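Have a look at the structure below, then the notes.
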Amino acid sequence: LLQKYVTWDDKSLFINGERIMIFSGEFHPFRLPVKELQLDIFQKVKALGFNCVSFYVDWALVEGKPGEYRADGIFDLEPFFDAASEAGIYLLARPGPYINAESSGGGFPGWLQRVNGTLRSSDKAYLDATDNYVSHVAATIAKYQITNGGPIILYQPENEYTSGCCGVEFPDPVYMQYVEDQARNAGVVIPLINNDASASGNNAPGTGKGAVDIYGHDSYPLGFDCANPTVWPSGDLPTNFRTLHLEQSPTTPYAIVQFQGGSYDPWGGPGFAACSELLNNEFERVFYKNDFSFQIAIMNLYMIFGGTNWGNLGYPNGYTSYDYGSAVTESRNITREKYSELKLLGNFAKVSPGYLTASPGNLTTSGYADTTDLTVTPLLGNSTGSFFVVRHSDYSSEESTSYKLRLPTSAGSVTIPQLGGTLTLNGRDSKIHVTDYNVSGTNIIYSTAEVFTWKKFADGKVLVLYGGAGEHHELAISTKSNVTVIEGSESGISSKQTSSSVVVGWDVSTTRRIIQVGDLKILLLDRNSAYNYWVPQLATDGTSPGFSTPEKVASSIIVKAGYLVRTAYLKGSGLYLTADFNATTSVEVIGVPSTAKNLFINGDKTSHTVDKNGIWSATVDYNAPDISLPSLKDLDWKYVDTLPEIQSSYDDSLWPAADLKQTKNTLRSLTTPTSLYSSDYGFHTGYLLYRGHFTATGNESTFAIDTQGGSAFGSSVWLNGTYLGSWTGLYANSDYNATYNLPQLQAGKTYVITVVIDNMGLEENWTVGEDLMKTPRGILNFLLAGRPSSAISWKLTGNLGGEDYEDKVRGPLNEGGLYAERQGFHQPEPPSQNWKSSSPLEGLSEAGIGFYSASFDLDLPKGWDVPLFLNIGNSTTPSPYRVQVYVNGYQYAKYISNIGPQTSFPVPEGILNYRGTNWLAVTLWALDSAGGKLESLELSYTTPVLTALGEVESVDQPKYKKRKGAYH
Ligand SMILES: *[C@@H]1O[C@H](CO)[C@@H](O[C@@H]2O[C@H](CO)[C@@H](O[C@@H]3O[C@H](CO[C@H]4O[C@H](CO[C@H]5O[C@H](CO)[C@@H](O)[C@H](O)[C@@H]5O[C@H]5O[C@H](CO)[C@@H](O)[C@H](O)[C@@H]5O)[C@@H](O)[C@H](O[C@H]5O[C@H](CO)[C@@H](O)[C@H](O)[C@@H]5O)[C@@H]4O)[C@@H](O)[C@H](O[C@H]4O[C@H](CO)[C@@H](O)[C@H](O)[C@@H]4O[C@H]4O[C@H](CO)[C@@H](O)[C@H](O)[C@@H]4O[C@H]4O[C@H](CO)[C@@H](O)[C@H](O)[C@@H]4O)[C@@H]3O)[C@H](O)[C@H]2NC(C)=O)[C@H](O)[C@H]1NC(C)=O
Ligand SMILES: *[C@@H]1O[C@H](CO)[C@@H](O[C@@H]2O[C@H](CO)[C@@H](O[C@@H]3O[C@H](CO[C@H]4O[C@H](CO)[C@@H](O)[C@H](O[C@H]5O[C@H](CO)[C@@H](O)[C@H](O)[C@@H]5O)[C@@H]4O)[C@@H](O)[C@H](O[C@H]4O[C@H](CO)[C@@H](O)[C@H](O)[C@@H]4O[C@H]4O[C@H](CO)[C@@H](O)[C@H](O)[C@@H]4O[C@H]4O[C@H](CO)[C@@H](O)[C@H](O)[C@@H]4O)[C@@H]3O)[C@H](O)[C@H]2NC(C)=O)[C@H](O)[C@H]1NC(C)=O
Ligand SMILES: *[C@@H]1O[C@H](CO)[C@@H](O[C@@H]2O[C@H](CO)[C@@H](O[C@@H]3O[C@H](CO)[C@@H](O)[C@H](O[C@H]4O[C@H](CO)[C@@H](O)[C@H](O)[C@@H]4O[C@H]4O[C@H](CO)[C@@H](O)[C@H](O)[C@@H]4O[C@H]4O[C@H](CO)[C@@H](O)[C@H](O)[C@@H]4O)[C@@H]3O)[C@H](O)[C@H]2NC(C)=O)[C@H](O)[C@H]1NC(C)=O
Ligand SMILES: OC[C@H]1O[C@@H](O[C@@H]2[C@H](O)[C@@H](O)[C@H](O[C@H]3[C@H](O)[C@@H](O)[C@@H](O)O[C@@H]3CO)O[C@@H]2CO)[C@H](O)[C@@H](O)[C@H]1O
Ligand SMILES: *[C@@H]1O[C@H](CO)[C@@H](O)[C@H](O)[C@H]1NC(C)=O
Ligand SMILES: *[C@@H]1O[C@H](CO)[C@@H](O)[C@H](O)[C@H]1NC(C)=O
Ligand SMILES: *[C@@H]1O[C@H](CO)[C@@H](O)[C@H](O)[C@H]1NC(C)=O
Ligand SMILES: *[C@@H]1O[C@H](CO)[C@@H](O)[C@H](O)[C@H]1NC(C)=O
Ligand SMILES: *[C@@H]1O[C@H](CO)[C@@H](O)[C@H](O)[C@H]1NC(C)=O
Ligand SMILES: *[C@@H]1O[C@H](CO)[C@@H](O)[C@H](O)[C@H]1NC(C)=O
């Protein structure tokens, strides 16, 4: 419509007039705020065979103060976009304004709790509130569209606009049309795509006002039961997605904008390791090939890399880690087998244009395979090839199943295997068998083994096939030439030549075989060996791979290596590879250009040999250096009391008064004389402190109080210095009604009730009209028994300044309301020389909150990517306590001893300074009259990786500076 660079038809997108299958991964820049590591992820995604990344922008992080848009430094989208371009990865931009995303407010800033109108509706107050954010974020996106030479090809307005309640005329076409117009008015001309939470047809082309350009929906078919990772429940495998697609949006390519790539894990859950097991390689091969059986043309995996909910950006139900059990782990490693398996499918899609021009049929339990225990879904082409997706009919089956195929080809129907034996499907696996597969003019009549990749080089053609262990396979090629085995044993390889073809049968082996048929070389691999192959694009003009255009795909090389191959480029007589290694690694290059004489790996000339088939070989030795990490318990820990409020000398006269007679919160009307909702006073994040002043009569007995912080929150209450008690918290409770006995009080004396409340984050707003994001935080109800409720005059604080937030570098969410946070002591070089010496391992002897500070040095070597972890012990059932850890001012750990499950906290290079000084600030809150302490506190690492990554620059780490506006 509005530009010629990205168009579509009923089958696929076109980019500059060429069909492409968009295979994408979800990656959120605000969860990895280090620009060099963003590039690392993009390159790891490109190495899967993927061509796109989908991202959210978090409004809450970039407009913490209403009217002040700030997407600078660590929140700057421009280096993220340049890193996508450099990696050769297109982008799907999803700026919301509502994003959900397991984030605080679902993206909405806390100040939306004061908006007089329904969130995500036509109400003018809501739409006005979004205008400054969208005109800024969409203008930045506009500048980096493909129409302006950037990477961004598609735009998503809103997020899962799918269910309404409570008087909203859902779906509101005026609402969606306004949201789409905002983006258009900011210069966005690329196609708009939506993400219906289920396949319900909302906003599809043809629905009139508020229709998007391309209809997308989401799917998490296997669910989120991470505690039972081997259980695949009955009927969870979708079978009707093409049927629903033809009914709801037949004119647009079939698109799943969020397909399950992992799972969330709540406070108290089984842990993200368990989620990786549920959504593992078996899940991918069965569920993702099933999506291929519907001829999906835009597929985005949520998440490909999850990262971290640092600095309180997460929603209340989640904890610090957002690992998500995804293909790329929270610590950026690609060890999980699901990565290597996904790489096989991504590379298959990258070289198979006939996939998008075929004609999909219904699944069948007969006609293609000779057992009803198997299901085959055909994608049939006239001359462009056909595809046959095979799985067990009972998709959860772990049975080993023998079968024969009867397939249609351009040379007629064929019963496979022709030369004898049977095919095998071992349990939770699925195959894409191919017929009339075009390898640059050479016709593969059929292959039962799956295609990984193929290329045409100057000196011939190469095709790479694989199968699982124990399987027999067969292929046929249209040709007059015979077959010869050119590498590996001739055993288990049977052949037959006809007048117009050669048939070849083979058993899968751990040892590679290479056969040759005319100018085609065919590598015959087992799955586990195929995991070690890579297909980098080969740059001749520079060093960057470029986007996956048909030309740059065709000129790729095949590299057998280990952990990672990032790039390849040719320059003069040098073949340059960039790669990473986690072990001593044999490197083989196939398709070396004729002009190349020398092999360089990561800048360094590397000796190579050339075997009889023209394959260059080399070795990269892995010899890890001594990684020396300091013992955190032995540091020079300085302590300060971070709850001075409970001492009688404390003067709170500069605190904001909690004296508002009316709330601006439309969701929940006041049940106290004044509002004690934190967001009414601009406080949306971290720990909240309330102080209630009263004069005693002498007859007081009890104080009852309803506190609300969200799932797994806690609160503690003191009367002057006297500890009344705590709600220690449960995932099940987002609020709690406590009743405390007071000590005997003195007539006419003044007292202060101090209340500490853990704000776990603001709720999401999934159902339009329910306004759940407005769920307040703080005190809902109180009663000083026998006294009118107006007896207590309340003051409060959250982060210092509230919406006039102090740390513009680290963003509006990072810090909360504790004394030591308000003073800025969590930053590098706090004024701690004369503070008491005490360690968090010594801890507290009564209920309270202590603040601990120490520095340490790292001297880790260059050229090594070393994932570092911060560990808090939990070997025995603990007393109830809560811990935050700030690393160079960035909150990178939130720990609740009694709820869990996280004890291991990754912290990226860039936040940590690998050749320099680092600062740890630790708050320790004992919700127990006997106090508490850490069992252990350790810094650890996992496998160092010899890496091609450039220098990781430290992010801005503003040091401590005295604050004018503090209560002091
Ligand atoms: C450097 O980077 C590298 C990446 O570039 C990285 O390599 C990767 O490492 C990861 C692990 O970190 C690998 O992923 C695991 O792979 C395991 C091995 O299975 C795979 O490989 C075999 C063939 O290879 C083997 O055999 C040779 C010897 O012949 C050895 O050289 C190999 O080391 C390997 O041997 C191991 O496994 C044997 C048993 O299989 C053992 O006898 C032996 O002692 C070794 O432990 C294939 O046959 C496998 O295919 C079969 O199984 C898969 C998966 O189940 C099926 O899908 C397939 O159809 C075949 O049947 C397979 O490819 C896996 O065992 C391991 O599996 C599990 O963990 C994941 C979670 O991570 C789960 O999804 C999965 O369900 C499995 O869960 C079990 O294990 C975990 C504990 O780890 C439990 O939580 C869970 O409860 C469950 O345990 C229970 O069930 C099991 C039943 O059999 C059994 O363990 C117990 O009975 C138990 O009760 C996982 O997938 C990855 O493949 C590597 N990738 C590459 C490219 O190499 C390397 O680590 C990095 N290095 C460093 C130093 O950092
Ligand atoms: C790629 O990225 C991944 C994400 O970043 C990353 O995975 C994370 O890795 C860290 C570090 O390894 C994990 O933290 C550790 O978890 C250990 C417990 O989990 C284990 O328990 C089960 C074993 O049956 C399994 O569930 C689990 O395996 C599963 O998960 C694997 C992924 O990790 C997966 O591959 C498997 O297939 C499977 O699904 C796993 O085995 C935990 O033990 C460990 O804590 C110890 O180590 C810390 C660091 O040194 C110490 O500070 C800490 O105190 C613990 O050490 C002490 O306790 C141990 C108890 O046995 C002893 O072994 C130690 O020697 C030590 O002993 C002292 O203390 C004892 C009391 O505790 C006492 O008894 C002793 O006398 C002594 O005083 C740590 O928490 C994290 O969970 C992973 N995160 C996720 C999301 O998976 C992965 O590693 C990356 N890979 C690479 C190569 O980079
Ligand atoms: C340090 O080590 C200590 C000692 O081991 C660790 O302490 C243990 O920590 C466990 C995790 O917090 C804790 O188990 C939990 O205990 C409560 C008991 O009431 C229970 O609610 C928990 O189970 C639910 O919640 C978790 C998530 O927090 C879910 O993963 C789980 O499936 C359960 O979910 C159900 O309840 C939720 C409400 O909270 C619902 O949202 C959810 O949908 C689901 O609801 C269905 O089932 C309910 C009935 O079960 C029903 O009411 C509802 O209608 C639905 O049908 C979990 O068992 C241990 O008790 C605790 N042990 C000790 C000795 O203290 C500590 O965590 C470790 N610390 C660290 C840092 O790792
Ligand atoms: O990363 C998590 C992922 O969750 C996805 O939603 C999940 C299911 O797809 C969705 O059908 C289900 O819908 C729930 C809703 O989440 C709850 O608010 C509940 O009260 O009402 C609905 C019941 O049908 O929610 C699942 C998550 O638990 C999101 O679509 C996706 O964007 C992610 O957030
Ligand atoms: C193929 O599509 C539908 C799936 O809804 C199936 O029920 C039917 O047998 C086939 N369609 C027709 C028109 O026969
Ligand atoms: C096979 O691919 C070549 C490009 O290498 C193309 O010109 C030819 O038309 C293709 N043939 C078919 C039948 O798709
Ligand atoms: C093809 O190769 C086979 C097995 O190596 C051989 O026996 C046969 O004679 C060859 N075909 C022709 C036509 O020569
Ligand atoms: C309680 O604290 C206040 C000031 O915070 C102080 O003035 C008052 O005297 C204290 N009450 C008692 C009984 O000591
Ligand atoms: C919102 O203000 C409108 C007037 O603009 C008024 O009708 C309504 O009572 C107000 N409600 C709340 C909860 O603020
Ligand atoms: C606390 O009491 C209030 C007011 O009666 C009630 O509505 C709320 O549900 C209670 N909270 C819990 C967690 O039961």
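Here Cβ is always computed from backbone atoms with ideal geometry, including for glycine, and neighbour counts include all displayed protein chains. Read-outs: derived from the displayed coordinates by stated rules, not from any lab.
Using the Kirkwood radius over C-alpha pairs as Rh, can you work out the diffusion coefficient of segment 657-753 via Stokes-Einstein at 25 °C, viscosity 0.890 mPa s, in µm² per second?
On the way: Rh = 15.0 Å.
Translational diffusion coefficient: 164 µm²/s.
Can you work out the Karplus-derived ³J(HN,Hα) for every residue in segment 202-216? Use 6.51 cos²θ - 1.76 cosθ + 1.60 with θ = phi - 60°, whole Hz, and x for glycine or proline.
Couplings: 5, 6, 5, x, x, 6, x, 5, x, 6, 7, 6, 10, 7, x Hz.
Can you give the local net charge around residue 897? Use residues other than it whose beta-carbon is closer than 11 angstrom to its beta-carbon, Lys and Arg +1, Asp and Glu -1.
0
Over what distance in Å are the Cα centres of segment 673-745 and segment 291-341 separated?
38
Residue-wise, which Karplus ³J(HN,Hα) couplings in Hz belong to segment 114-121, taking 6.51 cos²θ - 1.76 cosθ + 1.60, θ = phi - 60°, and x for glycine or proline?
Karplus values, whole Hz, x for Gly and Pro: 9, 7, 8, x, 6, 6, 6, 9.
Scale the Cα Rg of segment 448-507 by the rule-of-thumb value 2.2 N^0.38 Å and send over the ratio, two decimals.
Numbers: Rg = 12.3 Å, N = 60, 2.2 N^0.38 = 10.4 Å.
Working it through for segment 448-507, the quotient is 1.18.
Can you say what percent of the DSSP beta bridges in segment 1-354, counting only those with both residues inside, are antiparallel? Round to 5.
Counting only bridges with both partners in segment 1-354, antiparallel ones make up about 25 percent.
Among 608-618, 476-486, what's the highest-first ranking by average C-beta atoms within 10 angstrom per residue?
Highest mean packing first, the order is 476-486, 608-618.
How large is the helix-only mean residue ellipticity at 222 nm for the chain, computed as the sum of -39500 (n - 2.57) over DSSP H runs with n ≥ 4, divided by its residue count, in deg cm²/dmol to the nearest 500?
My calculation for the chain gives -3500 deg cm²/dmol from helical runs alone.
Could you tell me what percent of the DSSP beta bridges with both partners in segment 5-115 are antiparallel, to the nearest 5? Mind showing how you got there, number by number?
Details: 7 of 15 bridges.
Just about 45 percent of them are antiparallel.
Sort all Cα-Cα distances of segment 230-280 into consecutive 10 angstrom bins from zero, then give the percent of pairs in each bin up to the one containing the longest distance.
Once binned at 10 Å, the Cα pair distances of segment 230-280 give 19, 35, 28, 17, 1.
With +1 on each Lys and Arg Cβ and -1 on each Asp and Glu Cβ, how big is the dipole of the chain about its Cα centre, in debye rounded to the nearest 20?
Here the size comes out at about 1220 debye.
Going down the list 480/612; 461/571; 461/612, which pairs span over 21 Å between their C-alpha atoms?
480/612; 461/571
Need one number: convex hull volume per residue for segment 1-354, Cα atoms only, in Å³. If you can, show how the numbers build up before the last one.
Values: hull volume 46.7 nm³, N = 354.
Spread over its residues, the Cα hull of segment 1-354 gives 132 Å³ apiece.
Quick check on the chain: of the DSSP beta bridges with both residues there, what percent are antiparallel, nearest 5%?
If we restrict to bridges inside the chain, about 80 percent are antiparallel.
Return an integer: the convex hull volume of the alpha-carbon atoms of segment 107-237, in Å³ per residue.
Given the Cα convex hull of segment 107-237, per-residue volume reads 167 Å³.
Taking the Cβ of residue 285 as the centre, find all other residues whose Cβ is under 12 Å away and add up their charges (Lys, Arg: +1; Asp, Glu: -1). Walk me through the numbers before you get to the answer.
Details: positive: 289, 338, 343, 391, 428, 431, 527; negative: 282, 284, 291, 337, 341, 429, 450.
After counting each charged neighbour, the total is 0.
Can you tell me the alpha carbon radius of gyration of segment 233-338 divided by the globular rule-of-thumb value 2.2 N^0.38 Å?
1.21
Semi-axes, largest first, in whole Å: what does sqrt of 5 times each Cα gyration tensor eigenvalue give for segment 355-533? Present the calculation step by step, with values, prior to reporting the outcome.
On the way: eigenvalues 120, 74, 46 Å².
Computed over segment 355-533, the values are 25, 19, 15 Å.
Rg (Å, one decimal) plus Dmax (Å, integer) for the alpha carbons of segment 756-818?
15.8, 49
Which value in Å is the Kirkwood Rh of segment 383-453 over different Cα pairs?
Working: mean 1/r = 0.0760 Å⁻¹.
In segment 383-453 this quantity evaluates to 13.2 Å.
Could you work out the percent of alpha carbon pairs in segment 313-458 separated by over 20 Å, rounded to a whole number? Could you put the intermediate results ahead of the total?
Details: 6068 of 10585 pairs.
When every Cα pair of segment 313-458 is considered, 57 percent fall beyond 20 Å.
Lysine pairs in segment 643-818 8 or more apart or on different chains: how many have alpha carbons under 28 angstrom apart?
10
Filter 209/350; 455/597; 862/894; 343/521; 431/552 down to the pairs with a C-alpha to C-alpha distance above 32 Å, please.
Going by Cα-Cα distance, 209/350 fall outside the 32 Å limit.
Stokes-Einstein diffusion coefficient for segment 553-626 at 25 °C in a medium of 0.890 mPa s, Rh from the Kirkwood formula over Cα pairs: what value in µm²/s?
Numbers: Rh = 12.7 Å.
Reported coefficient: 193 µm²/s.
With a 10 Å Cβ neighbour count serving as the proxy for reagent exposure, in which order, fewest first, do 951, 935 appear?
951, 935
Beyond 19 Å, what percent of the Cα pairs of segment 643-818 remain?
57
Please give the Cα centre distance for segment 539-578 versus segment 124-148, rounded to the nearest Å.
For segment 539-578 versus segment 124-148, the Cα centre distance is 36 Å.
Return the whole-Å distance between the Cα centroid of segment 149-177 and the Cα centroid of segment 66-114.
So the two Cα centres are separated by 17 Å.
Order the peptides 421-427, 561-567 from the highest to the lowest mean number of other Cβ atoms within 10 Å of their residues.
For the peptides 421-427, 561-567, the packing ranking is 561-567, 421-427.
What is the sum of charges, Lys and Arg at +1 and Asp and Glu at -1, for the other residues whose Cβ falls under 11 Å from the Cβ of residue 769?
Neighbour charge sum, excluding residue 769 itself: -4.
Over all directions, how big on average is the projection of the convex hull of the alpha-carbon atoms in the chain, in square nanometres?
Values: hull surface 156.3 nm².
Mean projected area of the Cα convex hull: 39.1 nm².
Could you run the Karplus curve 6.51 cos²θ - 1.76 cosθ + 1.60 with θ = phi - 60° over segment 585-591 and give me ³J(HN,Hα) per residue in whole Hz, x for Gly and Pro?
9, 7, 10, 10, 10, 10, x
So which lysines pass the test for residue 143, namely a Cα distance under 17 Å, with those fewer than 8 places away in the same chain ruled out?
Within reach: 4.
For segment 760-865, report the convex hull volume of the alpha-carbon atoms normalised per residue, in Å³, without decimals.
It is 265 Å³ per residue.
To make sure I understand, if each residue's beta carbon is the centre and we count other beta carbons within 10 Å, what order do 955, 434 fall in, fewest to most?
Final ranking by Cβ density, sparse to dense: 955, 434.
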